Structure formats: C-alpha cells, structure tokens
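This is what each chain is made of:
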Amino acid sequence: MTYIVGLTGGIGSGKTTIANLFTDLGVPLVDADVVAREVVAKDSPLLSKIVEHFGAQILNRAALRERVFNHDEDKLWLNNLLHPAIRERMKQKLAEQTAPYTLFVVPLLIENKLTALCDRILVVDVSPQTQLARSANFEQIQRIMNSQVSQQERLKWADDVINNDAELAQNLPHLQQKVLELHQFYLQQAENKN
Ligand SMILES: Nc1ncnc2c1ncn2[C@@H]1O[C@H](COP(=O)(O)OP(=O)(O)OP(=O)(O)O)[C@@H](O)[C@H]1O
Ligand SMILES: [Hg+2]
C-alpha cells in the first residue's frame, strides 16, 4: 500500500493551500470532497436512491443541502446512505495509488472517525481568530467551528503539524521548506514499510 498521510485542519486553516504544495511535488491526492462528489454523480446508484427518497425536486446540491437543514432527521438518512459509501470509495482510491506516499485530504478526518484509513496525521494549525479571518458570515463560521474538534484536540491527534497563522507574503518560503522536509520524511517512512 502507498504510505497514507491524512491531512486535516479546521475550517479556514489552509488545508487546500498545503495540499497544493504537496501535489506540486508530484504526490497524489485523494480528496474527500471530490470523492463525496463522485459518489452521487449523474448516473450513479446512490443518486437515484436519494432522488427516490426526496423527489426530483432535488443533483442540485444546494437544494439537497437546503433539504438536509430541516432537522437532524433527513440528514441522518442521507448520512446513513452516503458516509459508508464515501468511506469505501476513499479506501478504493487509496489502494489504487502506486506512489510511495499519498496525501489523503479530509476536512472531517477526526470527527467522522476516518483516522483508521491513514498511517499518520498531518494537521494544518492556526488560531480560531485566524480561522475566522481567513474564512471571510462571522456567525455562520463560528457555528461550523463549534461543531468541529477544538484546536487542542486536533493537535493531540496530529503526528505532524505545520502552522499557517502567518500571512503567505512573509511565510510562504518557510511553509515550502517545511513541506519539503515532510516530503523527505514521508518518502523515508514509505521506504521503511519495505
Ligand atoms: N497563510 C496564508 N495567508 C493568507 N491567506 C491564506 C493563507 N493560507 C491560506 N490562505 C487563504 O485563506 C483561505 C483559506 O485557505 P484554504 O482554502 O487553503 O483553507 P481550507 O482549510 O482548505 O479552507 P476550507 O476548509 O474552509 O474550505 C483561502 O482564501 C486561502 O487563499
Ligand atoms: Hg491516520
């Protein structure tokens, strides 16, 4: 198996930014939001079950998200259908990779208990004030942050941490360096598996 690095981080923390520096090195990426997308694509068996349950009225993703919001009840139904499907499709894509290591980007890696799927956890860390600043509404982001794990909790889960609080203009070169150092370390971790 590819060595698998789960990348996560709270809303607005810079997961995409960091994932991009790894894909710049030619490292493959399995992205949870992309997979979640594939799973309900136009002609897909999941989609057609969603449509039977909700109506053609919905894929209009905004319409479906809208519907979920009603109460935990339809959300439960959808999660019972999609979460296991997304998980399996993730496993598939990861097992298909033949690079020495793969970056597995998952916004809810901890919260949805997908930590068993990766070898090691990379967190992009920033303060809550940074999350709010970068994500800019203030009200809406805060509720998202309330439903995600705390900074401390995310950090206790992390094997590696890259800090993204400083602005890119000044800190990008140090961010790049830290990614090159992790890159070299992950290749070594992949070799050690053999
Ligand atoms: N260190 C940086 N300095 C200034 N802006 C940054 C920095 N890092 C990322 N950003 C910007 O902050 C925003 C959030 O970054 P990014 O998309 O990488 O985070 P994310 O964790 O993937 O976001 P989300 O989960 O909320 O979609 C983007 O607008 C991005 O361009
Ligand atoms: Hg992991």
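Residues numbered from 1 in each chain as written, not as in the entry; some residues may be left out. Chains lettered and ligands numbered in written order. Heavy atoms only, no water.

A. Quick peek at the site of ligand 1. Inspection of the region around ligand 1 gives 13 residues, with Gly12, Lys15, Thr16, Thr17 and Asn164 positioned closest. In the environment of ligand 1, a nitrogen atom lies 3.1 Å from a nitrogen or oxygen atom belonging to the backbone of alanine 166. Bound to the protein, ligand 1 loses 66% of the 620 Å² it would expose on its own. At three residues, the largest contribution of residues to the shell around ligand 1 is made by helix α1 (residues 15–23). Partitioned by chemical class, the residues of the shell around ligand 1 number three nonpolar, seven polar and three charged. (Near = heavy atom within 4 Å. Polar contact = N/O pair within 3.5 Å; in protein donor to acceptor, adjacent residues only side chain to side chain. Areas by Shrake-Rupley, 256 points an atom, 1.4 Å probe, with all protein chains shown as cover. Helix = DSSP H or I, 4+ residues; strand = E, 2+ residues; numbered from the N terminus. Nonpolar A, V, L, I, M, F, W, Y, C, P; charged D, E, K, R; others polar.)

B. Broad picture of the UniProt feature "binding site: ATP" in the chain. Mapped onto this numbering, the UniProt entry annotates "binding site: ATP" at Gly12, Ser13, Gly14, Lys15, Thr16 and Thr17. Inspection of the secondary structure assignment puts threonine 16 in helix α1. Overall, the relative accessible area of 57% leaves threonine 16 in the exposed class. As for its placement among the helices and strands, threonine 17 is situated in helix α1. Relative accessible area serves as the criterion here: at 34%, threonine 17 is assigned to the partly exposed category. (UniProt positions renumbered as here; feature names shortened; annotations may be inferred. Buried < 20%, exposed > 50% of the residue type's maximum accessible area, 1.4 Å probe, protein only.)

C. Representation of the pattern of salt bridges within the structure. The full count for this structure, using the stated rule, is six salt bridges. In this structure, a network of salt bridges that share partners links the residues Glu38, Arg89 and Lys93. (Salt bridge = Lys/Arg side-chain N within 4 Å of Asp/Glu carboxyl O.)

D. Representation of the sheet that holds strand β4 (residues 120–125) within the structure. Pairing is parallel in the open sheet, where five strands are placed in the order β2-β3-β1-β4-β5. Of all the strands in the sheet, just β2 (29–31) and β5 (160–163) have a single pairing partner and so form its edges. Put simply, the sheet's adjacent strands are angled 20° from each other on average, direction ignored. Pairing geometry for strand β1 (residues 3–8) and strand β3 (residues 101–105), over five bridges, is parallel. (Pairing = 2+ DSSP bridges. Axes fitted to C-alpha atoms, helices over the stretch in contact; angles between N-to-C directions.)

E. Quick look at the packing of helix α6 (residues 128–135) against helix α7 (residues 138–147). Their axes nearest at 10 Å, the elements α6 and α7 cross at an angle of 135°. In this view, α6 runs oblique relative to α7, as classed from their interaxial angle. Classified by chirality, the crossing of α7 by α6 is right-handed. Here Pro128, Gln131, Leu132 and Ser135 of α6 lie close against α7, whose contacting residues are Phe138, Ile141, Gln142 and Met145. (Parallel < 35°, antiparallel > 145°, perpendicular 65-115°, else oblique. Left-handed = near helix turned anticlockwise from the far one by under 90°. Contact = heavy atoms within 4.5 Å.)

F. Just the packing of α1 against helix α9 (residues 168–192), in detail. Look at α1 against α9: their axes get within 10 Å of each other, and the N-to-C directions meet at 55°. The angle between α1 and α9 falls in the class oblique. Seen from above, α1 lies across α9 with right-handed handedness. Note on element contacts: α9 touches α1 through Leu168, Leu172, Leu175, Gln176, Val179, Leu182, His183 and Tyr186, opposite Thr17, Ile18, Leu21 and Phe22. In terms of residue class, the contact of α1 with α9 is built from nine nonpolar, three polar and no charged.

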